Protein chains: 4
Amino acid sequence: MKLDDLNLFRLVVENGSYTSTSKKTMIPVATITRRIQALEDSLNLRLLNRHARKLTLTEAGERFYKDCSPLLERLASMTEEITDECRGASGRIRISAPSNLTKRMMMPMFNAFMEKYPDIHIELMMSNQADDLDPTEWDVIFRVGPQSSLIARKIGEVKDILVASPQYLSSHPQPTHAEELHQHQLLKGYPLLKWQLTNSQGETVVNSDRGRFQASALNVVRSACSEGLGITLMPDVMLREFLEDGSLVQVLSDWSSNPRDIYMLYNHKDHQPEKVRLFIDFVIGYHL
Amino acid sequence: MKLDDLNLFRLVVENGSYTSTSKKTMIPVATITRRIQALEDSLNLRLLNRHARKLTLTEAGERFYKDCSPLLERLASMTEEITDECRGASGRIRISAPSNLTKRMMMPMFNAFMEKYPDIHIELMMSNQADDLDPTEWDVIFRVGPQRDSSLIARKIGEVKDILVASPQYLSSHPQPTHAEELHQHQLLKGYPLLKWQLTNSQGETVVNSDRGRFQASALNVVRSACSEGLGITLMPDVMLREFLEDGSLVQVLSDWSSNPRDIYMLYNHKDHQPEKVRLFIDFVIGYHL
Amino acid sequence: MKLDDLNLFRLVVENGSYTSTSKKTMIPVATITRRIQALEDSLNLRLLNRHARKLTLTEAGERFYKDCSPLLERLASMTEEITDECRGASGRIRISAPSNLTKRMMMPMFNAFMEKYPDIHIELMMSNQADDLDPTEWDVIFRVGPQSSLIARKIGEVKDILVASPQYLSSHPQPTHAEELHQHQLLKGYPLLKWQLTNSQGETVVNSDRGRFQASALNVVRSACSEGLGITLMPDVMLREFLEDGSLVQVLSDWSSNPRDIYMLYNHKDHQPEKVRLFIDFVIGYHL
Amino acid sequence: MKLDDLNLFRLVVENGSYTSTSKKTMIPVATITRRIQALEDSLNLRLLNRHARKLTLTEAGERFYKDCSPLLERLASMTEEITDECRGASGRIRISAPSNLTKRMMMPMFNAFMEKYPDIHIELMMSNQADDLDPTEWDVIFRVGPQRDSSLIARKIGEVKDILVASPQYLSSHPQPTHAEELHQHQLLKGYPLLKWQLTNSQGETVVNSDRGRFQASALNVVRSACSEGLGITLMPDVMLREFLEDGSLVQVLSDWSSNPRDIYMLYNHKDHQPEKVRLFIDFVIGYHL
């Protein structure tokens with residue numbers, strides 16, 4: 001038996017005619033009939049009759065209507081209320097974001113978001129890797145590189161550049177070719193351990209030297225680099241202020257690393273609760 | 001928003017997967033997927049997550065399941081409470097039966113019943129023995145072998161004799177074995193539930209063959225088919241084979257080596273609690289030869 | 001430390017020169033040097049020296065070479081042997097296929113395959129549904145409709161048609177319009193329970209009548225149909241012989257159901273073991 | 001076929017995932033994926049299945065792992081056996097340290113060490129306290145809080161005082177609490193491992209706050225940042241904060257309410273079994289102020 005046929009029947013009873021029931025729902029009358037006669041067959045029990053107008057009920061039809069009517073009514077209004085509450089929901093959202101980049105690249109966005117919406121709470125996990133995240137455990141994932149059933153929107157891009165302190169360069173003549181990096185003390189932070197560099201002429205150079213200093217995070221490498229301990233490869237977005245205040249200097253600028261794209265992964269925004277729709281809209285707004 | 005889709009959503013949560021749900025309702029997975037999508041589109045709310053094989057509820061899905069379920073359960077009870085009432089020789093009856101034997105062994109009988117009772121409709125679900133059913137979900141269960149005994153009248157309506165056969169083409173090239181032990185040298189073709197062959201000769205010698213087989217399948221009909229094509233020896237109910245035994249196209253081998261006969265039972269709730277439509281069916285089976 | 005640098009070193013020792021080692025491998029000498037000097041640095045221990053030719057060893061280099069050389073040799077030949085054995089592997093393959101169609105549509109293919117290759121064993125599971133299969137548990141999946149990381153090749157197509165026995169039609173005037181099906185006894189088997197039919201003019205008709213007979217498999221429905229119990233919708237591939245011997249008759253031929261495609265799902269054939277490559281090739285051959 | 005890719009395949013199997021493997025080796029997942037592909041392409045054999053999160057071996061993968069592993073293990077031992085040998089003030093040392101405090105508290109010291117010893121190279125892995133390490137995999141472990149005690153010399157090298165702070169902007173609009181109980185009325189910002197605030201005043205009153213917070217994060221630096229933006233009150237090590245306490249940009253609140261001081265330890269294997277490169281490091285830390 002089809003619950004929607006059974007509700008179509010109720011709309012019929014409450015109204016008092018098939019004419020009345022079909023006009024409110026936008027469902028032709030024989031269809032109703034087809035469906036009420038369908039409902040009769042499934043229940044193995046008859047119901048309404050037509051003279052010209054439709055009407056009445058059977059002894060068991062009244063008892064049945066009186067019985068199921070109240071439950072069906074409630075359902076219709078319960079579902080409507082739950083819908084508004086879930087679509088309008090505030091509270092906690094769960095976000096994953098790349099460990100290295102979050103502090104300087106994401107936090108100003110997250111901070112502005114939170115200031116704007118005091119009733120939305122963020123739970124933020126920072127990871128070096130997004131590939132093993134159970135997507136069902138997160139409202140939004142921010143990752144470096146592409147992944148796969150989630151909607152993926154590119155929101156940004158990082159350019160990795162080579163830097164050293166003026167004290168370092170002052171005692172170690174700057175290299176002008178990336179092969180020369182083998183002659184230098186190198187400082188390397190995950191995920192930029194194997195450097196792949198290309199110049200204007202299409203020359204490619206690979207550097208997988210171990211490194212004087214090798215760390216699982218780039219912020220401590222940048223620190224080592226500021227103390228004059230060698231050359232590092234680092235997202236421009238992690239370096240802005242040091243470049244600007246002049247305590248770190250770009251070398252090998254003709255030698256570029258593959259640009260890396262930043263993605264936001266989420267589920268169909270329109271079917272998300274309010275707290276998540278607002279966040280997605282905000283990020284998009286922030287990045288356009 | 002369709003209440004049936006909402007109801008379907010509830011059932012999906014209870015079963016824990018689309019395939020599991022598809023099995024119980026006979027709604028194809030693709031249609032289940034489509035209907036859940038339609039539900040979500042009507043609410044503008046994602047209700048379920050599907051990662052891997054794992055189905056989990058969103059917060060919204062969680063709220064819909066918890067809150068709406070009780071009312072959907074009451075309505076279901078309510079409408080079943082009606083269709084459980086006897087309208088004489090009419091209504092639907094729900095039957096469970098084994099995958100292998102039903103077509104050949106039971107359909108003649110089921111057909112004759114439907115012919116006699118045109119207003120009684122049959123919903124027939126086939127499955128391998130395997131998992132046990134909730135008996136309250138069925139009007140009559142046909143099974144092979146003894147049941148749990150639990151809460152059910154059982155009646156033996158038949159039995160099958162499983163025998164070994166090969167095609168003449170196969171035997172032409174692989175001389176008949178004369179002892180069941182020799183089956184290890186032959187190409188075996190096995191279908192569930194006859195995977196582990198337990199054979200006894202008239203001297204009382206018994207052989208157990210659990211070779212994997214050249215061909216193993218989850219049902220016996222495709223195996224008979226491989227056997228007819230001369231691909232080896234299979235063990236198979238006599239009933240599934242008389243056609244082919246009569247034409248020289250399958251021949252019995254190791255005739256002195258027999259397998260345990262297997263009983264066919266009909267199980268049902270006592271007839272005192274049984275509507276007329278089911279009583280007529282039960283009495284029909286009982287009076288039917290084969 | 002890089003095992004391939006360490007093996008490159010062995011090729012150097014065994015040969016007696018960088019000249020000798022680079023020519024056999026197609027790897028420039030400074031690269032070797034770059035890599036052997038890389039290997040030295042990672043081990044924090046020196047090795048070979050060049051006059052003009054390269055040669056010799058250190059006290060610890062001999063002990064180390066004598067120690068690691070035999071293990072590296074074995075590895076090179078072990079991996080080669082395992083490779084041949086796995087690429088050449090016979091034995092059991094696991095296949096899933098649609099319950100309804102397998103007997104008449106797949107078995108002649110499977111039978112011919114098995115006759116051709118006696119050392120390949122098939123384990124065959126037939127299911128009504130493929131959507132919940134752990135793809136890692138199957139060598140090949142055959143399914144109706146599309147799915148998603150497996151390679152999917154369409155191998156066939158079924159056309160579902162409407163039939164009844166001559167005895168049935170003889171007492172129930174044949175319908176010429178699909179709406180008329182409501183007036184008939186219908187027999188319905190999974191997955192063809194809700195019939196969706198379209199005619200030449202674009203008229204669509206839907207039938208979700210319960211059915212005099214409704215079953216989880218189509219073969220028993222076809223049987224019911226042969227006994228004159230009503231009209232069914234059924235794959236042409238399940239009906240061929242009954243159509244041909246005339247015990248089942250097509251009605252409503254202007255009214256077509258959506259054709260359903262048969263897919264074979266598998267992993268990159270070239271990286272599969274012999275027993276699976278042969279099967280995939282066979283099916284493709286069988287279907288072209 | 002690259003033996004390093006084969007070795008990488010072995011490590012993937014041992015760890016059970018690419019992410020897990022990526023963590024231990026500092027090889028990005030994408031590069032691990034690429035290198036396994038290259039291995040498979042060189043053998044023309046699929047070695048691994050990747051469904052869901054679940055990684056499983058093909059038959060071929062199974063044969064490669066079982067057969068080749070022992071030799072790959074012996075080679076690894078063998079080459080580590082060498083680099084374990086003391087070459088004086090040179091070689092690589094492997095250090096584990098906490099995510100939060102390392103940058104500010106330990107890098108000055110690590111930098112000064114590298115400056116003094118240019119031929120000693122540092123591999124530094126940061127992680128939250130969380131899981132326990134295999135100590136045999138590290139030369140020196142820096143941690144917060146007491147260890148398992150197991151098989152390791154421990155030395156206290158510092159401690160942190162965690163204090164409550166907010167921005168003047170925040171306090172302007174949300175009057176300072178005067179009792180820790182009032183924190184329930186405020187916007188809280190929490191970073192692991194300071195999620196459950198356990199505060200005691202000088203009268204001995206103690207408050208436990210386990211509110212989820214307006215902002216919860218897996219590290220403290222992003223939380224200080226939210227705090228500077230005026231988004232609420234956080235609990236945070238003094239050391240991570242003196243810069244901002246000096247400019248009026250963060251102010252301490254509830255100064256009479258204190259949290260348990262947390263110790264910073266260096267752990268290492270006894271120096272008798274320690275090469276020179278590690279001994280120099282250990283002695284350097286010991287002599288270093290902060």
# chains A, B, ... in the order shown; residues from 1 in each chain; ligands from 1

$ residues_around --residues "range 235-250 of chain D" --least-positions-apart "5" --cutoff "12 Å" --atoms "only C-alpha atoms" --output "ChimeraX atom specification"
/D:100-106,144,158-171,180,183,188-199,209,213,216,219-230,255,257-263,290

$ closest_atom_pairs --of "chain D" --to "chain A" --cutoff "7 Å" --atoms "only C-alpha atoms" --output "CSV"
residue,atom,partner,partner_atom,distance
D:19,CA,A:132,CA,6.1
D:26,CA,A:190,CA,6.2
D:28,CA,A:191,CA,5.9
D:53,CA,A:132,CA,6.4
D:103,CA,A:220,CA,5.5
D:107,CA,A:220,CA,6.9
D:111,CA,A:224,CA,6.0
D:115,CA,A:229,CA,6.9
D:121,CA,A:212,CA,4.7
D:122,CA,A:213,CA,4.9
D:123,CA,A:214,CA,4.7
D:124,CA,A:215,CA,4.5
D:125,CA,A:216,CA,5.0
D:126,CA,A:216,CA,6.1
D:214,CA,A:121,CA,4.7
D:215,CA,A:122,CA,5.0
D:216,CA,A:123,CA,4.8
D:217,CA,A:124,CA,4.5
D:218,CA,A:125,CA,5.2
D:222,CA,A:103,CA,5.6
D:226,CA,A:111,CA,5.9
D:229,CA,A:111,CA,6.9
D:231,CA,A:115,CA,6.6

$ atom_distance --atom1 "CA of residue 198 in chain A" --atom2 "CA of residue 252 in chain A"
10.3 Å

$ residues_around --residues "residue 142 in chain A" --least-positions-apart "3" --cutoff "6 Å" --atoms "only C-alpha atoms" --output "list in words"
residues 97, 263 and 264 of chain A

$ write_last_selection --atoms "N, CA and C atoms" --output "PDB file, in the first residue's frame"
ATOM      1  N   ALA A  97      41.471  21.499   7.153  1.00  0.00           N
ATOM      2  CA  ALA A  97      42.268  22.443   6.379  1.00  0.00           C
ATOM      3  C   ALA A  97      43.741  22.071   6.444  1.00  0.00           C
ATOM      4  N   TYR A 263      41.716  23.906  -2.947  1.00  0.00           N
ATOM      5  CA  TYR A 263      40.314  23.550  -3.193  1.00  0.00           C
ATOM      6  C   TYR A 263      39.463  23.528  -1.925  1.00  0.00           C
ATOM      7  N   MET A 264      38.195  23.889  -2.084  1.00  0.00           N
ATOM      8  CA  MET A 264      37.204  23.746  -1.026  1.00  0.00           C
ATOM      9  C   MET A 264      36.267  22.620  -1.455  1.00  0.00           C
TER      10      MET A 264
END

$ interface_residues --of "chain B" --to "chain D" --cutoff "10 Å" --atoms "only C-alpha atoms" --output "PyMOL selection string"
chain B and resi 51-54

$ write_last_selection --atoms "C-alpha atoms" --output "PDB file, in the first residue's frame"
ATOM      1  CA  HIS B  51      30.655   6.786   1.361  1.00  0.00           C
ATOM      2  CA  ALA B  52      32.128   3.394   0.406  1.00  0.00           C
ATOM      3  CA  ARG B  53      29.503   0.825   1.338  1.00  0.00           C
ATOM      4  CA  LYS B  54      28.730   2.834   4.474  1.00  0.00           C
TER       5      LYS B  54
END

$ interface_residues --of "chain A" --to "chain C" --cutoff "12 Å" --atoms "only C-alpha atoms" --output "tab-separated table (two decimals) with N, CA, C and O atoms, in the first residue's frame"
chain	number	residue	atom	x	y	z
A	1	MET	N	0.80	-1.22	0.00
A	1	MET	CA	0.00	0.00	0.00
A	1	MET	C	0.84	1.28	0.00
A	1	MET	O	1.85	1.38	0.70
A	2	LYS	N	0.40	2.25	-0.79
A	2	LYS	CA	1.13	3.50	-0.98
A	2	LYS	C	0.60	4.59	-0.06
A	2	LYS	O	-0.55	5.02	-0.16
A	31	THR	N	-6.99	9.86	-12.22
A	31	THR	CA	-5.71	9.48	-11.62
A	31	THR	C	-5.95	9.21	-10.15
A	31	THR	O	-5.58	8.15	-9.63
A	34	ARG	N	-7.98	6.23	-10.28
A	34	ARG	CA	-7.01	5.19	-10.57
A	34	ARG	C	-6.25	4.85	-9.29
A	34	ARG	O	-6.07	3.69	-8.96
A	35	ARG	N	-5.86	5.88	-8.54
A	35	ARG	CA	-5.08	5.68	-7.32
A	35	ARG	C	-5.93	5.26	-6.12
A	35	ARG	O	-5.52	4.40	-5.34
A	37	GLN	N	-8.86	3.70	-6.47
A	37	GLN	CA	-9.19	2.32	-6.81
A	37	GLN	C	-7.95	1.44	-6.65
A	37	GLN	O	-8.05	0.26	-6.33
A	38	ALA	N	-6.77	2.03	-6.84
A	38	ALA	CA	-5.53	1.31	-6.55
A	38	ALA	C	-5.42	1.05	-5.05
A	38	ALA	O	-5.06	-0.05	-4.63
A	39	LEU	N	-5.73	2.07	-4.26
A	39	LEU	CA	-5.66	1.95	-2.81
A	39	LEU	C	-6.67	0.91	-2.31
A	39	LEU	O	-6.36	0.09	-1.44
A	40	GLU	N	-7.88	0.96	-2.86
A	40	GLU	CA	-8.88	-0.05	-2.53
A	40	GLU	C	-8.35	-1.47	-2.77
A	40	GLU	O	-8.42	-2.33	-1.90
A	41	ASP	N	-7.78	-1.69	-3.95
A	41	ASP	CA	-7.25	-3.00	-4.30
A	41	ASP	C	-6.13	-3.45	-3.35
A	41	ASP	O	-6.08	-4.62	-2.97
A	42	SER	N	-5.24	-2.54	-2.98
A	42	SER	CA	-4.11	-2.93	-2.13
A	42	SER	C	-4.59	-3.28	-0.72
A	42	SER	O	-4.07	-4.22	-0.10
A	43	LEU	N	-5.58	-2.53	-0.24
A	43	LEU	CA	-6.20	-2.79	1.06
A	43	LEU	C	-7.21	-3.93	0.96
A	43	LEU	O	-7.63	-4.48	1.98
A	44	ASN	N	-7.59	-4.27	-0.27
A	44	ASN	CA	-8.63	-5.27	-0.50
A	44	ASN	C	-9.89	-4.85	0.25
A	44	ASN	O	-10.44	-5.60	1.06
A	148	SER	N	36.14	13.05	-4.18
A	148	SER	CA	35.97	13.03	-5.63
A	148	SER	C	34.49	13.04	-6.01
A	148	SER	O	34.12	13.33	-7.14
A	149	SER	N	33.65	12.70	-5.03
A	149	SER	CA	32.20	12.81	-5.19
A	149	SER	C	31.73	14.12	-4.56
A	149	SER	O	30.59	14.55	-4.74
A	179	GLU	N	70.66	23.88	-10.48
A	179	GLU	CA	71.66	22.85	-10.19
A	179	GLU	C	72.60	23.24	-9.05
A	179	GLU	O	73.07	22.38	-8.30
A	182	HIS	N	72.78	22.19	-5.04
A	182	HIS	CA	73.54	21.10	-4.44
A	182	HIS	C	74.74	21.63	-3.66
A	182	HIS	O	75.26	20.95	-2.77
A	183	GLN	N	75.17	22.84	-3.99
A	183	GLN	CA	76.36	23.42	-3.37
A	183	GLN	C	76.00	24.17	-2.10
A	183	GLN	O	76.88	24.66	-1.41
A	206	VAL	N	65.82	18.81	-10.73
A	206	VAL	CA	65.23	18.14	-9.58
A	206	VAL	C	66.21	18.13	-8.42
A	206	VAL	O	67.36	17.78	-8.60
A	207	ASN	N	65.75	18.49	-7.23
A	207	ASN	CA	66.62	18.39	-6.07
A	207	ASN	C	65.99	17.57	-4.94
A	207	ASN	O	64.99	17.97	-4.33
A	208	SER	N	66.59	16.41	-4.67
A	208	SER	CA	66.13	15.57	-3.57
A	208	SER	C	67.23	15.38	-2.53
A	208	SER	O	67.19	14.42	-1.77
A	209	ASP	N	68.20	16.30	-2.48
A	209	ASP	CA	69.16	16.36	-1.37
A	209	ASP	C	68.41	16.24	-0.05
A	209	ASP	O	67.32	16.76	0.08
A	210	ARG	N	69.01	15.59	0.94
A	210	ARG	CA	68.34	15.38	2.22
A	210	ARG	C	67.98	16.71	2.87
A	210	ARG	O	66.85	16.91	3.32
A	211	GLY	N	68.93	17.62	2.92
A	211	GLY	CA	68.65	18.87	3.61
A	211	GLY	C	69.35	18.94	4.96
A	211	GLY	O	69.33	17.99	5.74
A	212	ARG	N	69.98	20.07	5.22
A	212	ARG	CA	70.59	20.34	6.52
A	212	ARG	C	69.50	20.20	7.60
A	212	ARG	O	69.71	19.65	8.68

$ select_by_dssp --residues "range 4-171 of chain B" --states "strand (DSSP E or B)" --output "PDB file with C-alpha atoms, in the first residue's frame"
ATOM      1  CA  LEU B  48      21.981  10.575   3.841  1.00  0.00           C
ATOM      2  CA  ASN B  49      25.663  10.235   3.198  1.00  0.00           C
ATOM      3  CA  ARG B  50      26.958   7.467   0.949  1.00  0.00           C
ATOM      4  CA  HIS B  51      30.655   6.786   1.361  1.00  0.00           C
ATOM      5  CA  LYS B  54      28.730   2.834   4.474  1.00  0.00           C
ATOM      6  CA  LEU B  55      25.409   4.655   4.674  1.00  0.00           C
ATOM      7  CA  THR B  56      25.090   7.331   7.355  1.00  0.00           C
ATOM      8  CA  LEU B  57      22.597  10.052   8.264  1.00  0.00           C
ATOM      9  CA  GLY B  91      -6.184 -10.801  -1.234  1.00  0.00           C
ATOM     10  CA  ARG B  92      -2.431 -11.123  -1.580  1.00  0.00           C
ATOM     11  CA  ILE B  93      -0.359 -13.866  -0.028  1.00  0.00           C
ATOM     12  CA  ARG B  94       3.375 -13.634   0.572  1.00  0.00           C
ATOM     13  CA  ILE B  95       5.534 -16.707   0.037  1.00  0.00           C
ATOM     14  CA  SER B  96       9.253 -17.385   0.499  1.00  0.00           C
ATOM     15  CA  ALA B  97      10.847 -20.268  -1.428  1.00  0.00           C
ATOM     16  CA  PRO B  98      14.261 -21.631  -2.339  1.00  0.00           C
ATOM     17  CA  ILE B 120      -5.812 -14.288  -4.809  1.00  0.00           C
ATOM     18  CA  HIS B 121      -2.488 -12.676  -5.706  1.00  0.00           C
ATOM     19  CA  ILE B 122       0.931 -14.167  -5.063  1.00  0.00           C
ATOM     20  CA  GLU B 123       4.065 -12.311  -4.088  1.00  0.00           C
ATOM     21  CA  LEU B 124       6.919 -14.836  -4.320  1.00  0.00           C
ATOM     22  CA  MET B 125      10.437 -14.207  -2.983  1.00  0.00           C
ATOM     23  CA  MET B 126      13.211 -16.682  -3.777  1.00  0.00           C
ATOM     24  CA  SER B 127      16.436 -17.032  -1.812  1.00  0.00           C
ATOM     25  CA  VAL B 140       4.021 -19.392   3.876  1.00  0.00           C
ATOM     26  CA  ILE B 141       7.669 -20.375   3.720  1.00  0.00           C
ATOM     27  CA  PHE B 142       8.866 -23.257   1.559  1.00  0.00           C
ATOM     28  CA  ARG B 143      12.291 -24.563   2.532  1.00  0.00           C
ATOM     29  CA  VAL B 144      14.703 -27.458   2.165  1.00  0.00           C
ATOM     30  CA  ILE B 153       3.750 -25.530  11.709  1.00  0.00           C
ATOM     31  CA  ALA B 154       5.933 -27.570   9.381  1.00  0.00           C
ATOM     32  CA  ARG B 155       4.739 -30.034   6.775  1.00  0.00           C
ATOM     33  CA  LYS B 156       6.871 -32.227   4.517  1.00  0.00           C
ATOM     34  CA  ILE B 157       5.632 -31.899   0.940  1.00  0.00           C
ATOM     35  CA  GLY B 158       8.436 -33.598  -0.964  1.00  0.00           C
ATOM     36  CA  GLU B 159      12.027 -34.667  -1.176  1.00  0.00           C
ATOM     37  CA  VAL B 160      14.868 -34.677  -3.664  1.00  0.00           C
ATOM     38  CA  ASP B 162      20.781 -35.741  -5.529  1.00  0.00           C
ATOM     39  CA  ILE B 163      22.689 -37.727  -8.118  1.00  0.00           C
ATOM     40  CA  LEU B 164      25.969 -37.489 -10.060  1.00  0.00           C
ATOM     41  CA  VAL B 165      25.879 -36.837 -13.801  1.00  0.00           C
ATOM     42  CA  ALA B 166      28.110 -35.996 -16.746  1.00  0.00           C
TER      43      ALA B 166
END

$ closest_residue --among "D:45, D:130, D:264, D:8" --to "residue 33 in chain D" --atoms "only C-alpha atoms"
D:8

$ select_by_dssp --residues "range 29-243 of chain A" --states "alpha helix (DSSP H)" --output "PyMOL selection string"
chain A and resi 29-43+59-87+99-101+107-116+166-171+218-226+240-243

$ residues_around --residues "range 48-64 of chain C" --least-positions-apart "6" --cutoff "8 Å" --atoms "only C-alpha atoms" --output "JSON, numbers by chain"
{"C": [13, 16, 17, 18, 19]}

$ atom_distance --atom1 "CA of residue 172 in chain C" --atom2 "CA of residue 255 in chain C"
18.8 Å
